[PDB]
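Engineer:
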Amino acid sequence: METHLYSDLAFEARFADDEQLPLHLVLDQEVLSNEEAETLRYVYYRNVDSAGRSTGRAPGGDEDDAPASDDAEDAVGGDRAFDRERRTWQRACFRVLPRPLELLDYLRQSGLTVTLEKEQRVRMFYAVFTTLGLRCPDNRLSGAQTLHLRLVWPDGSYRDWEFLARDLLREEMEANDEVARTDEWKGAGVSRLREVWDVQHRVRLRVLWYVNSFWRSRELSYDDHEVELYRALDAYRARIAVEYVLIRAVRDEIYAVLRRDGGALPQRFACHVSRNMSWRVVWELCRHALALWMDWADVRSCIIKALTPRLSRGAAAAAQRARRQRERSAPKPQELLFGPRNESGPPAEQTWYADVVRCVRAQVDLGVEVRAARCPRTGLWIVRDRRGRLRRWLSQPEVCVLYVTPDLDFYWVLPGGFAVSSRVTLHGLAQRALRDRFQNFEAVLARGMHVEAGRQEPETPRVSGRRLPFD
Amino acid sequence: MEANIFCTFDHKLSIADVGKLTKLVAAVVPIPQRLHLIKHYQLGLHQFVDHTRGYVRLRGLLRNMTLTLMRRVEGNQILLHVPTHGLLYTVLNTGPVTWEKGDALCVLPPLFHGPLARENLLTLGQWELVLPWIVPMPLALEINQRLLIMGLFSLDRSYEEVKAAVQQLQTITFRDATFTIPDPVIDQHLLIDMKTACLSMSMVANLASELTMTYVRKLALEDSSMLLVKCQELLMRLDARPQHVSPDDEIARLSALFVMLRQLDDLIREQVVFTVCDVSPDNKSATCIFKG
Amino acid sequence: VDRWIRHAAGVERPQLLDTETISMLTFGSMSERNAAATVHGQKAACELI
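Chains as they are written, first to last, in the authors' numbering: chain G, 1 to 176, 298 to 592; chain U, 4 to 242, 254 to 306; chain I, 1127 to 1175.
Here's what the structure looks like:
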């Protein structure tokens, strides 16, 4: 309850500078699980307009509108593009109520008065109360605007939903001694409770409306044109298409390399092979596997998980250091004798991600981590299980694999270790599209974490529904 | 009271143990419990030392402990003495801090001093005699202040923004020595202190008079000096006859403002435990008045 | 340029069996022959700043 009140006052004190109106939300088991509710660290929200443009960026356009680079030296913009993305998200206050409750009884047991149009109870295993701001860029609010909600957890993992302002305001705008603001806020109470879905109808959350909000006083205008909603839908379409266009880029690359080579696949992975085998049925199984990979590829494909560490801020500088290191001049005798010893080069083992596609019972594994190293005798690759065990799927006739190396080289491997090899091309995606869709979250400091970086943080914060809360 | 405390050792002490434990006579060692008989594990700070939890946690445990002065060691017994208020004692500074005459001394957990050796003492098994630092008040409230400012500044900042600022804040220079504050985590206790700081500052901003508010602007119109230049510069990037003249309003507001300022000061000021008046010219011991 | 400057300065081509004898020299080596005659004792060379 107090988070809504404080956030209302906070958005009022900031309204002239920001023009963000305070939207009060409640989340339950329809949007997040109990562990995610108890261990939630941050909530972040983003405003994008009827043209797909975030309100943290330049109002007319950005240098991120140019296509990506494919260079590790550039890393799709480097630190500046990362900073332009981080500036686009804004942080929201939130409180978790981790034990089962019924919402209206909770509000009445607090100071509030509730006078809903129909007294329908809603019951919820846990509740997260948070306030997001949707930006009326003037005293005018459009229905084609969408708002993004981000929930983040201590390991840095995040979950994004997005819903457009028309869903939120479908009803609310379509109808449009001395006292303390706290007492009249409680006395005036709540009279609305509306259920809103995100655009893709994945998650439901409830919006809570108060009659004491400064929202009521402003008498600003709202509108939804058809063409604006059409353009907003097109921008949304471009948003969600970003991983699938990369998947199709890899698919077209595989077919293009296969046409270029003439179907001759050289061995790149170690596996003892026999001549006296029906290699043609292996080619047929390769066809079925390459169809099935397109059937089941997803956002959690190896290609997205390979590009994601490239978008991190350190990536460009580290790539330039590596470029300098590999092309360093051979040391003179003086340096070897008197000077410092040379930097150790890249470790013999690399970390990769793979998509393992088995045909016999159609199944595709996507976010698979493997360790790769070249065996000394022949420079082929040995792919090992991240517990150090040799991966056996090279020996199974009914499985093909697509690996993507950390430098965005991809292999597509058949039984026997004969592979198609090429590079993932990012040029079909604007730098902003990739960069905003897949940039990793970087944490701001909070309760229970070291001021110094790199420290082993102590017991992570939690709000417990199973235990009597400590103070 | 329990004027004397017997500390018994379970490990048999070698010749070297008894020697180095004898040289430590008159050192200030804390006990958690204030009991007539204790075991050697309870002696010192080693029971609590834990570098994953922060410096503020160990500070909170220490400020609640009972402090004693070491006396003659015998066979497996160490004989700790509790000082009493207003009397005069000889105290030993195992810390690297300098003491000048007339200093008021506080107790704090040890800091990181350059050489990194730090002289581990009495490593019996895997117990160790971790003594606190007896620090004069200026350095004490300097470390408390820097620690609070790190907590207050670095909230909601990322590590990239934080890094250089907190590197600069951790180092303290005091009397030509250089110390570093070990583990400044954002604790629950530190957040309580920050909340008290915010409330006290709100009450300062609200209940300050117009005289107390506007003195500096008028002096800047009147006067010019280096001190006033610095004061103006602190206000710069945000930068008349009184309409009310009320000595009673001024007195009411000022007597309230001093209360809020004492609240804000207690976040920085520690309890004085000793006051020195005689310093050995080798700076290895002092004569002190015990306070509490 | 190297040959011309060596001629002007009166110096000979750098004569070392490169690899092993260079490692030996950087370990330490006494590589200047004596003059045929000395009347003024030991040569105290001047280092120019």
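Where a beta carbon is used, it is the ideal one built from N, C-alpha and C, also for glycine.
1) Going by the CB atoms, is the gap between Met68 of chain U and residue 318 of chain U shorter than 7 Å?
2) Which residue marks the beginning of the alpha helix (DSSP H) containing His409 of chain G, and which one marks its end?
3) With 9 Å as the C-beta to C-beta threshold (strictly closer), list the residues of the segment 1135 to 1158 of chain I near chain G in chain order.
4) Any beta carbon from chain A within less than 7 Å of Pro452 of chain G's own beta carbon?
5) Which bits of chain U does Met1 of chain G rub up against, with CB to CB less than 8 Å?
6) Does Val348 of chain G come out as helix, strand or coil in the three-state DSSP assignment?
7) What residues from chain U crowd round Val565 of chain G, counting only those whose CB sits closer than 7 Å?
8) Along the alpha helix (DSSP H) that carries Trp336 of chain G, what are the first and last residues, could you check?
9) With a cut-off of 8 Å, do at least 3 Cβ pairs link the segment 499 to 510 of chain G to the segment 473 to 491 of chain G?
10) Just the C-alpha distance for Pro261 of chain U and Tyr218 of chain U, rounded to the nearest angstrom, thanks.
11) Would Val286 of chain U pass as a contact of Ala107 of chain U if the rule is Cβ separation under 7 Å?
12) If we count the other Cβ atoms within 10 Å of its Cβ and call it buried at 16 or more, is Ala540 of chain G buried or exposed?
13) Which class does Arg86 of chain G belong to by DSSP, given the choice of helix, strand or coil?
14) Taking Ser585 of chain G as the reference, which of G:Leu9, G:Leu40, G:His24 has the closest Cα?
15) Would you grab the beta carbon distance between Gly52 of chain G and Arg87 of chain G for me? Rounded to a whole angstrom, and I think it's under 8 Å.
16) Taking only the alpha-carbon atoms, compute the straight-line gap between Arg444 of chain G and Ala58 of chain G and give it to the nearest angstrom.
17) With the cut-off set at 7 Å, would you say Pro67 of chain G and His548 of chain G are in Cβ contact?
18) How many whole angstroms separate the CB atoms of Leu535 of chain G and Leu379 of chain G, which I take to be in contact at a CB cut-off of 8 Å?
19) Hey, out of G:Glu563, G:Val96, G:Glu102, G:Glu349, whose CA is closest to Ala37 of chain G's CA?
20) On a CA-only basis, which of G:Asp319, G:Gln321, G:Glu299, G:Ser334 is nearest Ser312 of chain G? Give me that one, please.
21) How many angstroms separate the CA atom of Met173 of chain G from the CA atom of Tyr343 of chain G?
22) Taking 8 Å as the limit between beta carbons, can you name the residues of its chain near residue 288 of chain G, skipping five residues before and five after?
23) Can you name, in chain order, every residue of its own chain whose Cβ lies under 8 Å from the Cβ of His258 of chain U, other than the five neighbours on each side?
24) By the criterion of Cβ-Cβ separation under 7 Å, what are the contact partners of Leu458 of chain G in chain I?
25) Going by DSSP, what residue range makes up the alpha helix (DSSP H) through residue 249 of chain U?
26) Assuming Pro430 of chain G is part of the alpha helix (DSSP H), what are its boundary residues?
27) Per the contact definition of three or more C-beta pairs closer than 8 Å, is the segment 192 to 207 of chain U in contact with the segment 161 to 169 of chain U?
28) Tell me the rounded alpha-carbon separation between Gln29 of chain G and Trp130 of chain U.
29) Between the segment 138 to 147 of chain U and the segment 93 to 111 of chain U, do three or more beta carbon pairs fall short of 8 Å?
30) Strictly under 7 Å for the Cβ-Cβ distance: is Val188 of chain U near chain G by that measure?
31) What whole-angstrom Cβ distance do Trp417 of chain G and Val485 of chain G have, given they're in contact under 8 Å?
32) Quick check: the Cα distance between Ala469 of chain G and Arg498 of chain G, rounded to an integer number of angstroms?
33) Can you find the residues in the same chain that come closer than 6 Å, C-beta to C-beta, to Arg99 of chain G, ignoring five residues on each side of it along the sequence?
34) Kindly provide the ranges of any alpha helix (DSSP H) runs that are 4 or more residues long and lie completely inside the segment 11 to 74 of chain G, ordered along the chain.
35) Measure the C-alpha to C-alpha separation of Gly500 of chain G and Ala391 of chain G and round it to an integer number of angstroms.
36) Residues bridged to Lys42 of chain U by DSSP?
Structural biologist: The answer reads as follows:
1) The question about residue 318 of chain U has no answer, for chain U in this structure spans 4 to 306.
2) 400 to 417
3) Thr1145, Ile1148, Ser1149, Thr1152, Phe1153
4) Here chain A cannot be found, since the structure's protein chains are G, U and I.
5) Within chain U, no residue comes near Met1 of chain G; the closest Cβ sits about 19 Å away, beyond 8 Å.
6) helix
7) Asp159, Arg160, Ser161
8) 336 to 339
9) yes
10) 16 Å
11) yes
12) buried
13) helix
14) G:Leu40
15) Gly52 of chain G to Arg87 of chain G, Cβ: 17 Å. No contact.
16) 33 Å
17) yes
18) With 8 Å as the limit, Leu535 of chain G and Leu379 of chain G do not qualify as a contact, their Cβ atoms being about 11 Å apart.
19) G:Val96
20) G:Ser334
21) 7 Å
22) One cannot assign coordinates to residue 288 of chain G, given that chain G in this structure leaps from 176 to 298.
23) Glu213
24) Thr1152
25) This structure gives no coordinates for residue 249 of chain U. The numbering of chain U moves from 242 immediately to 254.
26) 423 to 432
27) no
28) 49 Å
29) yes
30) yes
31) 4 Å
32) 14 Å
33) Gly586
34) 15 to 18, 34 to 38
35) 9 Å
36) U:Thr11
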